[PDB]
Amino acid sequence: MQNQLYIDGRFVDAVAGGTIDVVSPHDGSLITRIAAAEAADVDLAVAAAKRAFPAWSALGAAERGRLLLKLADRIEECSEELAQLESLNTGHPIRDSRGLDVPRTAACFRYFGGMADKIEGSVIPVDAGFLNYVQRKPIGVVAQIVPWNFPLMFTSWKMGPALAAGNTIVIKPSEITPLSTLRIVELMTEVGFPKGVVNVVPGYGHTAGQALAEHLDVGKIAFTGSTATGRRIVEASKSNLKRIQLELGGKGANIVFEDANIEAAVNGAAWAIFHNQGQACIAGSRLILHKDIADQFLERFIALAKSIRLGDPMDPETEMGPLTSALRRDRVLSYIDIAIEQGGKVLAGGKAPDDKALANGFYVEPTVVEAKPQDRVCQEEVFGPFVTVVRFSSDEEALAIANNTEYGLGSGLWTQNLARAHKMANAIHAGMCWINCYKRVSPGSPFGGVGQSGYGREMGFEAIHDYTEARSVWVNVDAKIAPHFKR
């Protein structure tokens, strides 16, 4: 199974033969060893992307579209192999690989295939005698560093828009979850993407990541990741002042009010925090329940949590799976420990499961911690199936809590009050806000953060705006121009 760098249309090892173990979260066993790209490997990748940019950006929006469409179809056709591949590598329940990751990946690529030739410039109302027309051109060679929570689906998200616009791409998945991205670029050539238009360069953040965020021929750096590394992606941009897209995490408020449909809210909250083992920046990791329904909500929710079938990602019966790296587990258990010493009161989970089939894997039980908005764990992104419950009394207390964070990515609330719904959505500082639903994403719906959760948008024309440049051309047609210096 593809485990090499993919540069200029070929799978190749790292120039220096570096390697990285790719392990399966189930058991911690080795899946394969992947070629680890380093600074040298990305020069090769970037030069290939640079080499390829002209025939590609000059390719005809529609033929970049037709290829992206072709890719979506191919992904679907290969949907069980990817799913399998992505679950095995990620820990995603394959019921999640099949029904979420793969379709969402295809859907996104299909969206941007039909976007490619809908990317339009404008013609400006300027002075008489002049024609001002502004193209939207590709930036050029764009770099993209993706995290490991949605390796497969985030290829769409990142690569969808960039390719549609005609940029060439050097993309760096995490050493953690590479495999499924690598297969995707092979699907890409399978379907006719020209060599070098996309190059995949898995490697450590400090080697491949850094070469990319600082490479002088990269015009944009797209980065989804930890705030900390994102400041570092920002400092690295200094190099040539490439444009930046950062998505840097969320601490998703999930508010439930007095008149919420609590069966629906419960289901939504469960999905919102436990889907993908909570490894989603838009996860509803902060339950915020109105004191007058808290107990009723919590009766069904904790039940729900406690009943989730944690286990082998390859079982079409598994509802949850392991975290993706052993490090993150620890991290998610330290957070648990710290939610506990902070006076937190575990209602479910709290620690790694007990089953013997799960003892090698990076599993953590669907935890649920009652706390105070103040607690750490209520302020920092625990990237795991870990929600905090806090309770409120006034719309205003809820807004306060929701907005009591440095994050701004996702949000959600549950009511039936027309006013309240909009008054809160309008007032929450997040880039998105779902009401009576959660973690709802569409390829046309701008997805991104606000404040310290980042800037830039994936999805929709916005994503395309982020991957193009305005190139205004003036034509002096019948213009009367007195010399500035009269004769």
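Sequential numbering from 1, following the sequence displayed.
Novice: In the PDB record, does 416 to 424 or 27 to 35 carry the higher mean Cα temperature factor?
Specialist: Averaging CA B-factors over each stretch, the winner is 27 to 35.
Novice: Should the higher mean CA B-factor in the entry be assigned to 171 to 179 or to 318 to 326?
Specialist: The recorded data point to 318 to 326.
Novice: Taking the Cα B-factors listed in the entry, which of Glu381, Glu370, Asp101, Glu76 comes out highest?
Specialist: If I rank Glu381, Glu370, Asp101, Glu76 by C-alpha B-factor, first place goes to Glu381.
Novice: Quick one: which of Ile282, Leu358, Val141, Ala116 shows the highest Cα temperature factor in the PDB entry?
Specialist: Comparing C-alpha B-factors across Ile282, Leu358, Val141, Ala116, the maximum falls on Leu358.
Novice: Sort the modelled residues of this chain by their C-alpha B factor and say whether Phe193 lands in the lowest, middle or highest third.
Specialist: As the PDB entry reports it, the C-alpha B-factor of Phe193 lands in the middle third of its chain.
Novice: With respect to C-alpha B-factor, does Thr468 fall in the lowest, middle or highest third of the chain as deposited?
Specialist: Middle third of the chain for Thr468's C-alpha B-factor.
Novice: Of the three thirds of its chain by CA temperature factor, lowest, middle or highest, which one includes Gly344?
Specialist: Tercile = highest for this residue's CA B-factor.
Novice: If you rank the chain by CA B-factor, which third does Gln452 end up in: lowest, middle or highest?
Specialist: According to the entry, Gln452 has a C-alpha B-factor in the chain's middle third.
Novice: Could you tell me which third, lowest, middle or highest, the C-alpha B-factor of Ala61 occupies within its chain?
Specialist: Answer is middle: the recorded C-alpha B-factor places it there.
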